[PDB]
Every structure is written in C-alpha cells, then in structure tokens.
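# Observations on the three-dimensional arrangement
Here are the chains, one letter per residue:
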Amino acid sequence: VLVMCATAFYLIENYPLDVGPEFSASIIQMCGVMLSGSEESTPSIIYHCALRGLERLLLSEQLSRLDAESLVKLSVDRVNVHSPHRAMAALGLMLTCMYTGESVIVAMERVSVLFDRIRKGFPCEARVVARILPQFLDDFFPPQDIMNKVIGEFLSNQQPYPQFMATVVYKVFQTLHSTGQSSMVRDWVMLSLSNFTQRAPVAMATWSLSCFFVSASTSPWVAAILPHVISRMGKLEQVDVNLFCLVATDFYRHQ
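Residues numbered from 1 in each chain as written, not as in the entry; some residues may be left out. Part of a larger assembly, values for the part shown. Heavy atoms only, no water.

The PDB entry lists the protein chain under the name Huntingtin, from Homo sapiens. The record lists its title as "The Rigid-body refined model of the normal Huntingtin".

Right, here's the structure in full:
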C-alpha cells in the first residue's frame, strides 16, 4: 500500500498531459478516506507518507485552480483529531495552501484553528504551536486584526496554561517596535487593563499583569526579565509582590 501511492505522485508533477486531466484530481480524493481514518484503520507508517507527498504537488505550479482547493478542505478536519503525532503532520498542510495563495473573510477561519490546539492538545504538541504564531500573524494580515484574537484568548478561563501562551505575546510587540508602529504598541496596553478589574483569582490575577508590560517596554534590560517571570506562574510570595511594582512604572515614563 505504501509503494503504490508514491508513484502516483510522480506522474502529476512531471508528466501531466500524458495521462488524463481526470486522472490528476482523483488521486487527491483517495487520500481523504485514508487520512481521515482512525488511528488503527490506517497505520502510522501509512499515514505519514501519503501526506508528505500532498504538499509537494502544491509547490509545483502544475495543478489547476480547481484541483488545488480540494486539498484545502481535507486538512481542516484532521487538525481536530486527538493523536498529536497524527495531528502534527496535518498542521503542515494548512500552511502551503495559504502559501500558494472574501480574501479577508475566509482567512478568519484558518487562524482560529491554531489557537484551539493550545487548549485541547498535549504539551508535547503545543510547544510547536507557540513558536510559529508569533511569526505567522506578522506576515498575512495587519496587526490591528491580529491583536483582537490573542488577548481575548489569553485571558479566558478555558486556557489550560498561559505558560506556553506567554511566549506568543512577547515576540509580537518587538516586531511592532518598528518605527512606524512603535507608538501603536502603546494604545493596546490601555484596553487590556480594564479587563483585569473583573478578576481572576487573587494569586493568579496579578501574575498575568507582569508579563505584559515587559513585552511593551524599553529595549536593554526589561525585555530579558520575561523567562524569569514566566518561570514562577503561581505561588505568590513577598518577593512576588515587589516585582509587579517595578515593571509597570517604567511604562508610565514610557508614555
């Protein structure tokens, strides 16, 4: 079963016209039934090898515009399967279709699929999702639209850990410290402070305040404090109360 799907992919790229145009679109459909099978119906070795050949054909400029969008629908339904080694390879297919390609509207649905794998999904999986999504949002759509989805899905009660979600917010602002948008960094700090007055638990609520002003601060020394801050997530201390005061007052002289 594995060697026979490998020579089907070598015909569509290099030798299209010698076989029918009806034959190209029907090898795409047979990898829908197999990749949306269960974790025992199609094995892990058969799963990972037919899927790597699907993002090959898209980067080749040979497929038609109707033949390419059939691959877009199958990759959405497999990110929300439970096995993360099965579900790590399905995240690679969502990129390339967006990397070969209403324009504002349909891109709303793909971005919120990445944010749920943080919520549901193992910590061996969600280390991958927090390195991309800093770099991922800066490229597609402007930062006025990227800012609404992050914090409202950072502050939520159904966030299993903000620990790996803490590294996402840090790398956004320091690319927004380009000279054109460094002052627009300042306006978004004001609205998020109103959300804390409606409270999380009292040990938990004050920890999230200290991680935010670090990422919007001066250059040389405040920015290096954040792995020391996200080290201790809970466990309030007399040493913990003194650290919150120093961070949000340098921002008062940053305005």
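Read on for the rest.
Our next topic: a nonpolar patch on the surface. A cluster of nonpolar side chains, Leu2, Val3 and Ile45, forms an exposed patch at the surface whose accessible area comes to about 310 Å². By the element assignment, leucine 2 lies in the segment before helix 1 (9–14). The class of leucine 2 is partly exposed, set by a relative accessible area of 34%. (Patch = residues over 30% accessible without salt bridge, like charges linked within 9 Å, V, L, I, M, F, W, Y side chains within 5 Å. Areas by Shrake-Rupley, 256 points an atom, 1.4 Å probe, with all protein chains shown as cover. Salt bridge = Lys/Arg side-chain N within 4 Å of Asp/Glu carboxyl O. Helix = DSSP H or I, 4+ residues; strand = E, 2+ residues; numbered from the N terminus. Buried < 20%, exposed > 50% of the residue type's maximum accessible area, 1.4 Å probe, protein only.)

Turning to unusual backbone geometry, a few remarks are in order. Phi at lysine 235 is positive, roughly 55°, even though this residue is not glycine. Relative to the elements of secondary structure, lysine 235 occurs in the loop between helix 14 (226–229) and helix 15 (238–250). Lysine 235 gets classed as exposed once you look at its relative accessible area, which sits at 70%.

What follows concerns the nonpolar core. Membership of the largest hydrophobic core comes to 41 residues, with the highest contact counts inside it found for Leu137 and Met165. It is helix 11 (residues 163–173) that contributes the most residues to this core, seven residues altogether. Excluding residues within four positions of it along the chain, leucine 137 makes contact with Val111, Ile146 and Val150. In this structure, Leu54, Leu57, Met94 and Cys97 belong to the second largest nonpolar core, which totals 23 residues. (Core = buried A, V, L, I, M, F, W, Y, C linked by side-chain atoms within 4.5 Å. Contact = heavy atoms within 4.5 Å.)

On to the packing of helix 8 (residues 103–119) against helix 9 (residues 129–140), then. In contact at an axis separation of 10 Å, helix 8 and helix 9 are set at 155° when each is read in the N-to-C sense. As summarised for this structure, helix 8 and helix 9 are arranged roughly antiparallel, according to the angle between their axes. Relative to helix 9, helix 8 is oriented so that their crossing is left-handed. Where helix 8 approaches helix 9, its residues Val111, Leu114, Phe115, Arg117 and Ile118 are matched on the opposing element by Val129, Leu133, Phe136 and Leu137. Split into classes, the residues belonging to the contact of helix 8 with helix 9 amount to eight nonpolar, no polar and one charged. (Axes fitted to C-alpha atoms, helices over the stretch in contact; angles between N-to-C directions. Parallel < 35°, antiparallel > 145°, perpendicular 65-115°, else oblique. Left-handed = near helix turned anticlockwise from the far one by under 90°. Nonpolar A, V, L, I, M, F, W, Y, C, P; charged D, E, K, R; others polar.)

Moving on, we come to the state of the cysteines. In a disulfide, the sulfur atoms of two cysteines are held together by a covalent bond. This model, assessed by the stated rule, comprises zero disulfides. A disulfide-free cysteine, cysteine 5 has its sulfur positioned 5.6 Å from the sulfur of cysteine 31, the nearest such atom. The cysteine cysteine 245 is free of any disulfide, with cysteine 211 supplying the nearest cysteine sulfur at 15 Å. Accessibility expressed as a relative area gives 47% for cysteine 245, which makes it partly exposed. (Disulfide = S-S within 2.5 Å.)

So, on to the environment of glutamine 135. With respect to the secondary-structure elements, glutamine 135 resides in helix 9. Residue classification places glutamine 135 among the partly exposed residues on the basis of a relative accessible area of 45%. Separated by 119 residues in the primary sequence, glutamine 135 and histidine 254 place their C-alpha atoms 26 Å from one another.

Within the secondary structure, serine 83 is located in the loop between helix 6 (70–76) and helix 7 (84–100). A distance of 2.9 Å separates a polar atom in the side chain of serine 83 from a polar atom in the side chain of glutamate 39. In this structure the side chain of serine 83 is engaged in a polar contact, spanning 3.3 Å, whose partner is the side chain of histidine 82. (Polar contact = N/O pair within 3.5 Å; in protein donor to acceptor, adjacent residues only side chain to side chain.)

This brings us to helix 9. For helix 9, which comprises twelve residues, the first-to-last C-alpha distance of 17 Å matches the rise-based estimate of 16 Å (1.5 Å per residue) to within 8%. Listing the buried residues of helix 9 in full gives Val129, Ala130, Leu133, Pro134, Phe136 and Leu137. Buried positions along helix 9 lie against helix 7, helix 8, helix 10 (143–151) and helix 11. (Expected span 1.5 Å × (residues − 1).)

Listed in full, the buried residues belonging to helix 11 are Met165, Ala166, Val168, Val169, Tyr170, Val172 and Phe173. Looking at the buried positions of helix 11, the neighbouring elements they touch are helix 8, helix 9, helix 10, helix 12 (184–194), helix 13 (202–215) and helix 14.

Okay, the pattern of salt bridges next. For the structure shown, the criterion picks out five salt bridges. The closest approach of N and O atoms between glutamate 109 and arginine 110, which form a salt bridge, is 3.7 Å. Its salt-bridge partner being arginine 186, residue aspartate 187 comes within 3.8 Å of it at the nearest N-O pair.

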